[PDB]
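Novice: Below is one structure. I have some questions about it.
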Amino acid sequence: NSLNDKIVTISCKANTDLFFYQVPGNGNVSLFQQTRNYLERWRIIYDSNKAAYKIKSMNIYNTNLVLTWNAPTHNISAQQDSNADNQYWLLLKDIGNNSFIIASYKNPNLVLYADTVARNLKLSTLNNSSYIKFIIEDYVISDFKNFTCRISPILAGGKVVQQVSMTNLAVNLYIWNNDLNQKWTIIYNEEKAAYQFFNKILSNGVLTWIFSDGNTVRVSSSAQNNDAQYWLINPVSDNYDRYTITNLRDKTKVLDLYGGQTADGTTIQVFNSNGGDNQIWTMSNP
Amino acid sequence: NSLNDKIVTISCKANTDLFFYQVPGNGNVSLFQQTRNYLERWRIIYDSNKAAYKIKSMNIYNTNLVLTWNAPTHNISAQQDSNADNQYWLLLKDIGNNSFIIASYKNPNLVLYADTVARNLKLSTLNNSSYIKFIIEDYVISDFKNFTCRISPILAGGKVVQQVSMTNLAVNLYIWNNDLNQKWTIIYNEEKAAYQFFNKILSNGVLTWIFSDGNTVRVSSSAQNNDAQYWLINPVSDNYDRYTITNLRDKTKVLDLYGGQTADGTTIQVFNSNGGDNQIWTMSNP
Amino acid sequence: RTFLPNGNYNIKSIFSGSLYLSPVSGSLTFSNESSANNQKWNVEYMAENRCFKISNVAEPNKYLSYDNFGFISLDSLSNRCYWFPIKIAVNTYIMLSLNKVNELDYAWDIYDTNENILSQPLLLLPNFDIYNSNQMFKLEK
């Protein structure tokens, strides 16, 4: 178990900005800059008796295709899944930094290696070089680790959660003008196991459930360990990259639109966790 | 560095009963039966710059001896700590079977290999066999995961902590007559994170504190959870090997000598942790 | 003829002249020139397998081979002791084992911390192309 059935991004330890990518027109795999798209997501399947894992690309169009060592060449591709020995991998975790050397089940003698001149994946014998070592992560943590983005309800994609201005620190909905009060930066505090939302017209101004006048919510100086600041980002897992934003202090209090209200100035509050639409949000690049 | 500076027993995955053990006369390391002994033990040292660990034997009359692949041969031995590349190792958790591949920083294509036939350590290149995979574990939980033994107070021994009779339980101190009511089987529970102390004279019967009596201690059949049952063993590092039996229900509750009376019959009780000496105890082979 | 003619050769890594292939505590490693017969390899085309076998002149009933751990070895004659050399420049070769491991070739390889091989054992590891520095070895006289 451990990472079984889990859903993941792999980036090269040798160059943090490049990730495993499944180029969509037929099967190749490239090392490619950060996307936040299924393309760079990989499902990790375990075979309890095979002793080892396989890595399946999440492309919607062509599901059930996995990461696969080609024949007696050194190349590596995305290919149809058939539990073939080429298609399995040992996930050996270095314990020093939390990296991974990923070795072929068919032939451990050699492990996979990030090219980064040709933005590409090959197999090579081992060494201390960082080209053979890799970073495996829950996609959600990888997407919202550190993410300058705009937030929008699903009931109004063209409209956006915002602080109202630099002075007036309340949080409403508004049509997207590229203004800073509308852009946020999302940061993971891993020790806390939750994320915070930093507004971009303020340094250390953070999305907060002010518990005292609550259900109201606004931006406040970050302070220390308020614990009403900090939020979990869970998808509605089967589909659509849509996330419920749940609060740390109270499990059943999530980010809320206050009736499917949709109109400029509509309040963003925090409310009892019901079915949704009201409760669902969508994060995306400015 | 997650386990860095820890004290540990490495055993072979191809033989659960075999341990990395350092041979007193000189510098051989050998695969040996379980031993509850400093020779069985190794502390792990991380190096931030080499990004890799070295493995040091706790041989008390030979300190500063560490596991060492000999230049070009196949031989793993223990050596004086030059602090050189042959003396470092990458620790690699397998995540599948949850064991480690240990690979030489010097040339990390080569990995520790268990020569079971002739009971020493060797090198081999990467492969799926269990000769290159190894169990690394807390010296204490290794020494106590399943140890049938006698317990004697730090104060002069052997007088052993026993239950009075198969017919009658309770718990007293006595001189060591070998009757199995003085023989005591201690077995670890990963889930709870603690160890129960079974009696032999009738199995299913375990050492327990009591509720509505605080000082008093006795034996009882295992029950859900049960919080009163189970214990935490903790050494007191030094030449040492003297441990501190602490109850899970209340962490300040340590196994106590009732004033450390040194004569036959004495009640064994349980107290706050100031001790130190009646509280302290050692444990050993019938 | 012309190409690897039978005889007595020295064997180095391209990573350093001034080091020669030699056996020590039963591994093969590159070491300081000793001008002795311990370092002289007798290489013999065997036309029956269109491949070459390589014996150690000072113990010439022992040939270069490999074990079921990664290492190249000195052993009495065996099909493993057969080698299929590829010349890729004056005097340099990439020694492949004649008989393939799974579907892929293996070769003599030797690790380098930084173009330094001092205490390193010669091993047998998968080959792919002619462009691996470590797989490259040079055989003279």
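By convention here, the chains of the structure tokens are called A, B, ... in the order presented, each chain's residues are numbered starting at 1, and ligands are numbered starting at 1 in the order presented.
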Kindly determine which residues of chain A lie within 12 Å of chain C, considering only C-alpha atoms, and give the answer as a PyMOL selection string.
Specialist: chain A and resi 70-75+85-86+106-111+122-129
Novice: Go ahead and save the residues from that selection, with N, CA, C and O atoms, as a compact mmCIF listing (two decimals), in the first residue's frame.
Specialist:
```
# COMPACT_ATOMS: atom_id res chain seq x y z
N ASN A 70 11.28 1.04 -23.02
CA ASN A 70 11.30 0.48 -24.34
C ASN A 70 12.42 -0.51 -24.58
O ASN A 70 13.59 -0.14 -24.66
N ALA A 71 12.04 -1.79 -24.66
CA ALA A 71 12.78 -2.81 -25.41
C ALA A 71 14.24 -2.72 -25.00
O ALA A 71 14.48 -2.35 -23.86
N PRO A 72 15.22 -3.04 -25.88
CA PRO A 72 16.60 -2.99 -25.39
C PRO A 72 17.30 -1.63 -25.56
O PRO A 72 18.52 -1.54 -25.31
N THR A 73 16.53 -0.61 -25.99
CA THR A 73 16.95 0.80 -26.06
C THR A 73 16.96 1.37 -24.67
O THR A 73 16.54 0.70 -23.73
N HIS A 74 17.37 2.63 -24.52
CA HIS A 74 17.29 3.25 -23.20
C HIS A 74 16.10 4.18 -23.01
O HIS A 74 16.01 4.84 -21.95
N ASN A 75 15.20 4.21 -23.99
CA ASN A 75 14.14 5.23 -24.03
C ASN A 75 12.94 4.87 -23.18
O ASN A 75 12.76 3.71 -22.83
N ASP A 85 6.61 -6.69 -17.76
CA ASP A 85 7.69 -6.38 -16.85
C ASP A 85 8.30 -5.01 -17.16
O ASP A 85 8.68 -4.31 -16.23
N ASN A 86 8.36 -4.61 -18.44
CA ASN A 86 8.87 -3.26 -18.80
C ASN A 86 8.12 -2.20 -18.07
O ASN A 86 8.71 -1.22 -17.64
N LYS A 106 11.78 -4.89 -14.48
CA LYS A 106 12.33 -5.83 -15.43
C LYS A 106 13.83 -5.96 -15.25
O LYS A 106 14.38 -7.07 -15.36
N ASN A 107 14.48 -4.81 -15.00
CA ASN A 107 15.93 -4.80 -14.78
C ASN A 107 16.38 -3.69 -13.86
O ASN A 107 16.72 -2.60 -14.32
N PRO A 108 16.41 -3.96 -12.56
CA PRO A 108 16.95 -3.08 -11.55
C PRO A 108 18.32 -2.51 -11.88
O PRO A 108 18.52 -1.32 -11.71
N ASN A 109 19.25 -3.33 -12.36
CA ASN A 109 20.57 -2.82 -12.77
C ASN A 109 20.57 -1.37 -13.21
O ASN A 109 21.58 -0.65 -12.93
N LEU A 110 19.48 -0.96 -13.89
CA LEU A 110 19.30 0.44 -14.32
C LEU A 110 17.94 1.16 -14.03
O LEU A 110 16.86 0.59 -14.08
N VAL A 111 18.08 2.44 -13.72
CA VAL A 111 17.02 3.27 -13.20
C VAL A 111 16.89 4.46 -14.09
O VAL A 111 17.81 4.75 -14.87
N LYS A 122 15.27 8.67 -19.83
CA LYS A 122 16.05 7.50 -20.28
C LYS A 122 16.38 6.62 -19.10
O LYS A 122 16.11 7.00 -17.95
N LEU A 123 16.95 5.44 -19.38
CA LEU A 123 17.50 4.58 -18.31
C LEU A 123 19.04 4.59 -18.23
O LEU A 123 19.72 4.44 -19.23
N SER A 124 19.59 4.75 -17.04
CA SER A 124 21.05 4.65 -16.91
C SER A 124 21.39 3.92 -15.64
O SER A 124 20.63 3.93 -14.68
N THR A 125 22.57 3.30 -15.64
CA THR A 125 23.12 2.79 -14.40
C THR A 125 23.20 3.91 -13.36
O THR A 125 23.00 5.09 -13.67
N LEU A 126 23.50 3.54 -12.12
CA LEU A 126 23.35 4.47 -11.00
C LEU A 126 24.53 5.40 -10.84
O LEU A 126 25.56 5.23 -11.51
N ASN A 127 24.35 6.40 -9.98
CA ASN A 127 25.38 7.33 -9.54
C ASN A 127 24.84 8.25 -8.46
O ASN A 127 23.67 8.17 -8.08
N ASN A 128 25.68 9.15 -7.97
CA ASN A 128 25.22 10.11 -6.99
C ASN A 128 24.57 11.34 -7.62
O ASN A 128 23.93 12.12 -6.92
N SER A 129 24.73 11.49 -8.93
CA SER A 129 24.09 12.60 -9.67
C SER A 129 22.59 12.69 -9.40
O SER A 129 21.93 11.68 -9.15
```
Novice: Taking only C-alpha atoms into account, report as a PDB file with C-alpha atoms, in the first residue's frame which residues of chain B lie within 9 Å of chain A.
Specialist:
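What ended up in result-v9.pdb:
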```
ATOM      1  CA  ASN B   1      18.005  12.351   8.559  1.00  0.00           C
ATOM      2  CA  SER B   2      14.526  11.220   9.553  1.00  0.00           C
ATOM      3  CA  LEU B   3      16.057   8.468  11.668  1.00  0.00           C
ATOM      4  CA  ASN B   4      19.456  10.139  11.940  1.00  0.00           C
ATOM      5  CA  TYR B  46      23.667  11.445   8.300  1.00  0.00           C
ATOM      6  CA  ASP B  47      25.951  13.782   6.398  1.00  0.00           C
ATOM      7  CA  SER B  48      24.217  16.738   4.833  1.00  0.00           C
ATOM      8  CA  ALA B  51      23.644  13.300   1.392  1.00  0.00           C
ATOM      9  CA  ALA B  52      24.216   9.849   2.746  1.00  0.00           C
ATOM     10  CA  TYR B  53      24.520   7.842   5.931  1.00  0.00           C
ATOM     11  CA  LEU B  90      22.547   5.516   0.787  1.00  0.00           C
ATOM     12  CA  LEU B  91      19.574   4.125   2.722  1.00  0.00           C
ATOM     13  CA  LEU B  92      16.770   3.251   0.330  1.00  0.00           C
ATOM     14  CA  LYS B  93      13.305   2.299   1.626  1.00  0.00           C
ATOM     15  CA  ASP B  94      11.499  -0.026  -0.851  1.00  0.00           C
ATOM     16  CA  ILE B  95       8.031   1.213  -0.003  1.00  0.00           C
ATOM     17  CA  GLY B  96       6.603  -2.028  -1.476  1.00  0.00           C
ATOM     18  CA  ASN B  97       7.953  -4.470   1.131  1.00  0.00           C
ATOM     19  CA  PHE B 100      15.915  -1.114   2.724  1.00  0.00           C
ATOM     20  CA  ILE B 101      18.436  -1.468   0.002  1.00  0.00           C
ATOM     21  CA  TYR B 105      28.135   6.002  -1.690  1.00  0.00           C
ATOM     22  CA  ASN B 107      29.928   3.343  -5.986  1.00  0.00           C
ATOM     23  CA  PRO B 108      26.155   3.193  -5.543  1.00  0.00           C
ATOM     24  CA  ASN B 109      25.739   0.663  -8.321  1.00  0.00           C
ATOM     25  CA  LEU B 110      26.752  -1.890  -5.673  1.00  0.00           C
ATOM     26  CA  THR B 125      24.524  -5.155  -8.110  1.00  0.00           C
ATOM     27  CA  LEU B 126      20.749  -4.239  -8.002  1.00  0.00           C
ATOM     28  CA  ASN B 127      18.106  -6.951  -8.412  1.00  0.00           C
ATOM     29  CA  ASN B 128      14.888  -8.095  -6.830  1.00  0.00           C
TER      30      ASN B 128
END
```
Novice: Apply DSSP to the backbone of this structure and, from stretch 4-111 of chain A, keep only the residues in strand (DSSP E); write these as number ranges by chain.
Specialist: A: 6-12, 15-23, 28-33, 42-47, 52-57, 65-69, 76-80, 89-94, 100-104, 111
Novice: Neighbours of residue B:225 within 10 Å (only C-alpha atoms; same-chain residues fewer than 4 positions away dropped), as a compact mmCIF listing (two decimals) with N, CA and C atoms, in the first residue's frame?
Specialist:
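result33.txt, freshly written:
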```
# COMPACT_ATOMS: atom_id res chain seq x y z
N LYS B 192 -0.94 0.18 18.76
CA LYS B 192 -0.97 0.98 20.00
C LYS B 192 0.34 1.75 20.21
N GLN B 229 -3.86 -1.63 30.11
CA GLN B 229 -2.88 -2.60 29.64
C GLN B 229 -1.94 -1.92 28.66
N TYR B 230 -0.76 -2.52 28.49
CA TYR B 230 0.29 -2.04 27.59
C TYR B 230 1.26 -1.14 28.31
```
Novice: Please provide the set of residues having any atom within 6 Å of residue C:73, restricted to only C-alpha atoms, with same-chain residues fewer than 4 positions apart removed, written as a tab-separated table (two decimals) with N, CA and C atoms, in the first residue's frame.
Specialist:
```
chain	number	residue	atom	x	y	z
C	64	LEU	N	39.20	-13.86	-17.90
C	64	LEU	CA	38.28	-12.80	-17.48
C	64	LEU	C	36.86	-13.24	-17.74
C	65	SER	N	36.01	-13.05	-16.74
C	65	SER	CA	34.65	-13.58	-16.75
C	65	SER	C	33.72	-12.70	-15.92
C	66	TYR	N	32.61	-13.23	-15.43
C	66	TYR	CA	31.78	-12.47	-14.49
C	66	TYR	C	30.92	-13.36	-13.58
```
Novice: Expressed in Å to a single decimal, how great is the separation between atom CA of residue C:31 and atom CA of residue C:63?
Specialist: 18.6 Å
Novice: Would you write out chain A as a CSV table (one decimal) with C-alpha atoms, in the first residue's frame, after superposing it on chain B by least squares over all in-order Cα pairs?
Specialist:
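Once written, superposed.csv looks like this:
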```csv
chain,number,residue,atom,x,y,z
A,1,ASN,CA,17.4,13.7,9.5
A,2,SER,CA,14.7,11.0,10.0
A,3,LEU,CA,17.0,8.2,11.3
A,4,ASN,CA,19.9,10.6,12.2
A,5,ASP,CA,21.8,9.8,15.4
A,6,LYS,CA,19.3,6.9,15.8
A,7,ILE,CA,20.3,3.6,17.1
A,8,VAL,CA,19.4,0.5,15.3
A,9,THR,CA,19.5,-3.3,14.5
A,10,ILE,CA,19.8,-4.5,10.9
A,11,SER,CA,18.5,-8.0,10.1
A,12,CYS,CA,18.4,-9.8,6.7
A,13,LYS,CA,15.1,-9.9,4.9
A,14,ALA,CA,16.3,-13.2,3.4
A,15,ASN,CA,16.5,-14.7,6.9
A,16,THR,CA,14.8,-12.9,9.7
A,17,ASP,CA,16.8,-14.5,12.6
A,18,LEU,CA,20.3,-13.3,11.4
A,19,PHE,CA,21.4,-9.8,12.3
A,20,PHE,CA,24.4,-7.6,11.6
A,21,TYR,CA,27.0,-8.5,14.2
A,22,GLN,CA,30.4,-6.9,14.9
A,23,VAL,CA,32.7,-9.8,16.0
A,24,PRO,CA,34.4,-8.4,19.0
A,25,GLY,CA,38.0,-9.4,18.5
A,26,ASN,CA,39.1,-6.9,15.9
A,27,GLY,CA,36.9,-5.8,12.9
A,28,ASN,CA,34.7,-8.2,10.9
A,29,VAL,CA,31.0,-8.2,10.5
A,30,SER,CA,29.0,-11.4,10.5
A,31,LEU,CA,25.4,-12.3,10.0
A,32,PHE,CA,24.6,-13.8,13.4
A,33,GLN,CA,21.6,-15.0,15.4
A,34,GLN,CA,19.7,-12.6,17.7
A,35,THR,CA,21.8,-11.3,20.7
A,36,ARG,CA,20.5,-8.3,22.6
A,37,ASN,CA,23.9,-6.9,22.9
A,38,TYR,CA,25.6,-3.7,21.7
A,39,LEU,CA,27.3,-6.1,19.2
A,40,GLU,CA,24.2,-6.1,17.0
A,41,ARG,CA,23.4,-2.4,17.5
A,42,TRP,CA,24.5,0.2,15.0
A,43,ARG,CA,24.3,4.1,15.2
A,44,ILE,CA,23.2,5.8,12.1
A,45,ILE,CA,25.0,9.0,11.3
A,46,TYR,CA,23.9,11.4,8.5
A,47,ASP,CA,26.1,13.7,6.4
A,48,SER,CA,23.6,16.2,5.2
A,49,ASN,CA,25.9,17.4,2.5
A,50,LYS,CA,27.4,14.0,1.6
A,51,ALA,CA,23.8,13.0,0.8
A,52,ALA,CA,24.2,9.7,2.6
A,53,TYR,CA,24.5,7.8,5.9
A,54,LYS,CA,27.1,5.8,7.7
A,55,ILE,CA,26.6,3.0,10.1
A,56,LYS,CA,28.7,2.8,13.2
A,57,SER,CA,29.0,-0.3,15.5
A,58,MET,CA,28.2,0.2,19.1
A,59,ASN,CA,30.9,-2.0,20.6
A,60,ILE,CA,31.9,-0.5,23.9
A,61,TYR,CA,35.5,-1.5,23.6
A,62,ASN,CA,36.0,-0.1,20.2
A,63,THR,CA,33.7,2.8,19.6
A,64,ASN,CA,33.9,5.0,16.4
A,65,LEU,CA,34.3,2.1,14.0
A,66,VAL,CA,31.9,1.8,11.1
A,67,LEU,CA,30.6,-0.5,8.4
A,68,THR,CA,32.9,-0.3,5.4
A,69,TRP,CA,33.3,-1.6,1.9
A,70,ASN,CA,36.7,-3.1,1.4
A,71,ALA,CA,38.8,-1.8,-1.5
A,72,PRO,CA,38.1,-3.4,-4.9
A,73,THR,CA,37.1,-6.7,-3.3
A,74,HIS,CA,33.4,-7.4,-2.5
A,75,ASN,CA,33.9,-7.9,1.2
A,76,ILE,CA,32.5,-5.8,4.0
A,77,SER,CA,34.0,-5.0,7.5
A,78,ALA,CA,34.0,-2.9,10.6
A,79,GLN,CA,36.8,-0.4,10.4
A,80,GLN,CA,38.2,2.9,11.8
A,81,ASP,CA,36.0,5.9,10.9
A,82,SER,CA,37.4,8.5,8.6
A,83,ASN,CA,34.4,9.6,6.5
A,84,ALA,CA,35.9,7.9,3.5
A,85,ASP,CA,33.7,7.2,0.6
A,86,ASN,CA,33.8,3.4,1.3
A,87,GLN,CA,32.3,4.2,4.7
A,88,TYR,CA,29.1,5.8,3.4
A,89,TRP,CA,25.8,4.3,2.2
A,90,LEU,CA,22.5,5.3,0.6
A,91,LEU,CA,19.5,4.0,2.6
A,92,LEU,CA,17.0,3.4,-0.1
A,93,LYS,CA,13.7,2.2,1.5
A,94,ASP,CA,11.4,0.0,-0.5
A,95,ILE,CA,7.9,1.2,0.0
A,96,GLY,CA,6.2,-2.2,-0.7
A,97,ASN,CA,7.3,-4.0,2.4
A,98,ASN,CA,9.2,-1.6,4.7
A,99,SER,CA,12.6,-3.0,3.7
A,100,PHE,CA,15.8,-1.3,2.8
A,101,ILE,CA,18.3,-1.8,0.0
A,102,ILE,CA,21.6,-0.3,1.2
A,103,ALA,CA,23.9,1.0,-1.6
A,104,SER,CA,27.5,2.2,-1.5
A,105,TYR,CA,27.9,5.9,-1.6
A,106,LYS,CA,31.3,5.3,-3.2
A,107,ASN,CA,29.6,3.2,-5.8
A,108,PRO,CA,25.8,2.9,-6.1
A,109,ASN,CA,26.2,0.4,-9.0
A,110,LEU,CA,26.4,-2.2,-6.2
A,111,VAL,CA,24.6,-2.7,-2.9
A,112,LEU,CA,25.2,-5.0,0.1
A,113,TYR,CA,24.0,-8.5,0.2
A,114,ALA,CA,23.5,-11.0,2.9
A,115,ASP,CA,25.4,-14.3,2.3
A,116,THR,CA,23.8,-16.7,4.9
A,117,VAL,CA,25.7,-19.7,3.7
A,118,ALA,CA,28.8,-18.1,5.2
A,119,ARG,CA,26.9,-15.9,7.6
A,120,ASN,CA,28.6,-12.9,6.0
A,121,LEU,CA,28.2,-9.5,4.1
A,122,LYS,CA,29.2,-8.7,0.5
A,123,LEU,CA,28.5,-6.3,-2.3
A,124,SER,CA,26.6,-7.4,-5.5
A,125,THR,CA,24.7,-5.8,-8.3
A,126,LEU,CA,21.0,-5.6,-7.9
A,127,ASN,CA,18.1,-8.0,-8.3
A,128,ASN,CA,14.7,-8.9,-6.9
A,129,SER,CA,16.2,-11.5,-4.6
A,130,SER,CA,15.7,-10.8,-0.9
A,131,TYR,CA,19.4,-11.1,-0.2
A,132,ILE,CA,20.1,-7.4,-1.0
A,133,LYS,CA,17.1,-6.2,1.1
A,134,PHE,CA,17.2,-5.6,4.8
A,135,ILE,CA,15.3,-4.7,8.0
A,136,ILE,CA,16.2,-1.6,10.0
A,137,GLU,CA,14.7,-1.0,13.5
A,138,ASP,CA,15.0,0.9,16.8
A,139,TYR,CA,16.9,-1.6,18.9
A,140,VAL,CA,14.4,-1.3,21.7
A,141,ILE,CA,11.6,-2.4,19.4
A,142,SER,CA,13.9,-5.2,18.1
A,143,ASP,CA,14.8,-6.3,21.6
A,144,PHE,CA,11.2,-6.2,23.1
A,145,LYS,CA,9.3,-7.0,19.9
A,146,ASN,CA,8.6,-10.5,21.1
A,147,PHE,CA,10.8,-11.5,24.1
A,148,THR,CA,10.4,-14.3,26.5
A,149,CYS,CA,12.4,-13.0,29.4
A,150,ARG,CA,12.7,-12.5,33.2
A,151,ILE,CA,12.3,-9.0,34.8
A,152,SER,CA,14.4,-7.9,37.7
A,153,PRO,CA,14.9,-4.5,39.6
A,154,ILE,CA,18.4,-3.1,39.6
A,155,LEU,CA,18.4,-3.3,43.4
A,156,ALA,CA,18.2,-7.1,43.2
A,157,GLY,CA,19.3,-8.8,40.0
A,158,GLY,CA,18.9,-12.3,41.5
A,159,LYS,CA,15.3,-11.5,42.3
A,160,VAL,CA,12.4,-11.2,39.9
A,161,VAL,CA,9.1,-9.6,39.3
A,162,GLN,CA,6.4,-12.4,39.2
A,163,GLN,CA,2.8,-13.3,39.3
A,164,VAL,CA,2.5,-15.2,42.6
A,165,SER,CA,0.8,-18.3,41.2
A,166,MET,CA,-1.6,-19.5,38.5
A,167,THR,CA,-4.6,-18.8,40.8
A,168,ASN,CA,-3.3,-15.8,42.8
A,169,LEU,CA,-2.8,-13.1,40.2
A,170,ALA,CA,-1.0,-10.5,42.2
A,171,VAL,CA,2.5,-9.3,41.3
A,172,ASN,CA,5.3,-9.3,43.8
A,173,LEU,CA,9.1,-9.7,43.9
A,174,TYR,CA,10.6,-13.1,44.4
A,175,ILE,CA,14.0,-14.9,44.2
A,176,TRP,CA,14.4,-16.5,40.8
A,177,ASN,CA,13.3,-20.1,40.6
A,178,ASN,CA,12.8,-21.0,37.0
A,179,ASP,CA,9.1,-21.3,37.5
A,180,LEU,CA,6.6,-20.1,34.9
A,181,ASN,CA,4.9,-17.5,37.1
A,182,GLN,CA,8.4,-15.8,37.0
A,183,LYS,CA,8.9,-15.7,33.2
A,184,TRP,CA,7.1,-13.1,30.9
A,185,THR,CA,6.8,-12.6,27.1
A,186,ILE,CA,6.9,-9.1,25.9
A,187,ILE,CA,5.0,-8.2,22.7
A,188,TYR,CA,4.9,-4.9,20.7
A,189,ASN,CA,1.5,-3.8,19.3
A,190,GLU,CA,2.9,-1.4,16.8
A,191,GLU,CA,-0.5,0.1,15.9
A,192,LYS,CA,-0.7,1.0,19.7
A,193,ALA,CA,3.0,2.0,19.7
A,194,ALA,CA,3.3,0.3,23.1
A,195,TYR,CA,4.3,-3.2,24.5
A,196,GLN,CA,2.4,-5.8,26.6
A,197,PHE,CA,3.7,-8.2,29.2
A,198,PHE,CA,2.2,-11.7,28.9
A,199,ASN,CA,2.8,-14.0,31.9
A,200,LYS,CA,3.8,-17.6,31.1
A,201,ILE,CA,1.5,-19.7,33.4
A,202,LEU,CA,-1.4,-18.0,31.7
A,203,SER,CA,-2.4,-17.6,28.0
A,204,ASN,CA,-3.5,-14.0,27.5
A,205,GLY,CA,-2.8,-13.0,31.1
A,206,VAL,CA,-1.2,-9.6,31.0
A,207,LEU,CA,0.6,-7.1,33.3
A,208,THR,CA,-2.0,-4.5,34.2
A,209,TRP,CA,-2.3,-1.2,36.1
A,210,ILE,CA,-5.8,-1.8,37.6
A,211,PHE,CA,-6.6,1.9,37.7
A,212,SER,CA,-9.5,1.7,40.3
A,213,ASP,CA,-7.7,0.3,43.3
A,214,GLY,CA,-4.4,1.8,41.9
A,215,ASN,CA,-1.6,2.3,42.7
A,216,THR,CA,-1.8,-1.5,42.9
A,217,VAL,CA,-1.1,-3.7,39.8
A,218,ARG,CA,-1.7,-7.3,38.9
A,219,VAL,CA,-2.5,-9.7,36.0
A,220,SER,CA,-5.8,-9.7,34.1
A,221,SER,CA,-7.3,-11.3,31.1
A,222,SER,CA,-6.1,-9.3,28.1
A,223,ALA,CA,-9.5,-7.9,27.4
A,224,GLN,CA,-9.7,-5.3,24.6
A,225,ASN,CA,-7.9,-1.9,24.5
A,226,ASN,CA,-7.8,-1.3,28.2
A,227,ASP,CA,-5.0,1.1,27.7
A,228,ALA,CA,-3.7,0.6,31.2
A,229,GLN,CA,-2.2,-2.6,29.9
A,230,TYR,CA,0.4,-1.6,27.4
A,231,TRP,CA,3.6,0.1,28.5
A,232,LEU,CA,6.6,2.0,27.0
A,233,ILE,CA,10.1,0.8,27.5
A,234,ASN,CA,12.6,3.6,27.6
A,235,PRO,CA,16.3,3.2,28.4
A,236,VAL,CA,18.3,5.5,30.6
A,237,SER,CA,19.9,6.2,27.2
A,238,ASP,CA,23.6,7.0,27.8
A,239,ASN,CA,24.3,3.7,29.6
A,240,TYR,CA,23.6,0.2,30.8
A,241,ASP,CA,20.6,-1.3,29.0
A,242,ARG,CA,18.4,-0.3,31.9
A,243,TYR,CA,14.8,0.6,31.1
A,244,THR,CA,12.0,2.5,32.8
A,245,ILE,CA,8.6,0.9,32.3
A,246,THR,CA,6.1,3.7,31.8
A,247,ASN,CA,2.3,3.1,31.5
A,248,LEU,CA,0.2,4.2,28.6
A,249,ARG,CA,-2.9,5.5,30.3
A,250,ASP,CA,-0.7,7.8,32.5
A,251,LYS,CA,2.6,9.1,31.3
A,252,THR,CA,3.9,9.9,34.8
A,253,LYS,CA,2.9,6.5,36.3
A,254,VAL,CA,5.7,3.9,35.9
A,255,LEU,CA,6.5,0.5,37.3
A,256,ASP,CA,7.6,0.8,41.0
A,257,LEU,CA,9.2,-1.4,43.6
A,258,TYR,CA,7.7,0.4,46.8
A,259,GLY,CA,10.8,1.4,48.7
A,260,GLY,CA,14.1,-0.2,47.8
A,261,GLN,CA,12.5,-3.1,49.5
A,262,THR,CA,14.3,-6.0,47.9
A,263,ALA,CA,12.7,-8.8,50.0
A,264,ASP,CA,10.6,-11.8,48.9
A,265,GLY,CA,6.9,-10.9,48.6
A,266,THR,CA,7.7,-7.1,48.3
A,267,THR,CA,5.0,-5.5,46.2
A,268,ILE,CA,5.4,-4.3,42.6
A,269,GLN,CA,3.0,-1.3,42.2
A,270,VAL,CA,3.0,1.7,39.9
A,271,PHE,CA,4.1,5.2,41.1
A,272,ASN,CA,5.0,8.8,40.3
A,273,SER,CA,8.0,9.1,38.1
A,274,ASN,CA,10.9,10.0,40.4
A,275,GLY,CA,14.7,9.8,39.9
A,276,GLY,CA,14.9,6.0,40.1
A,277,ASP,CA,16.6,2.8,41.2
A,278,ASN,CA,13.1,2.2,42.6
A,279,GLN,CA,11.8,2.9,39.1
A,280,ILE,CA,14.5,1.2,37.0
A,281,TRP,CA,14.3,-2.5,35.8
A,282,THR,CA,16.3,-4.9,33.7
A,283,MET,CA,15.1,-7.5,31.2
A,284,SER,CA,17.1,-10.6,30.3
A,285,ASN,CA,16.9,-14.2,29.0
A,286,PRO,CA,15.7,-17.1,31.2
```
Novice: Stretch 15-246 of chain A: which residues are alpha helix (DSSP H) by DSSP, as a count of residues only?
Specialist: 6
Novice: What gap, in Å, lies between atom CA of residue C:121 and atom CA of residue C:106?
Specialist: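 Between these atoms lies a distance of 15.7 Å.
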Novice: Grab the atom CA of residue C:120 to atom CA of residue C:44 distance for me, in Å with one decimal place.
Specialist: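 Spanning atom CA of residue C:120 to atom CA of residue C:44 is a straight-line distance of 26.1 Å.
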Novice: Skip residue C:116 itself and residues of its chain fewer than 6 positions away, then list as a PyMOL selection string all residues within 12 Å of it, counting only C-alpha atoms.
Specialist: (chain B and resi 106-107) or (chain C and resi 13-17+19+30-31+110+134)
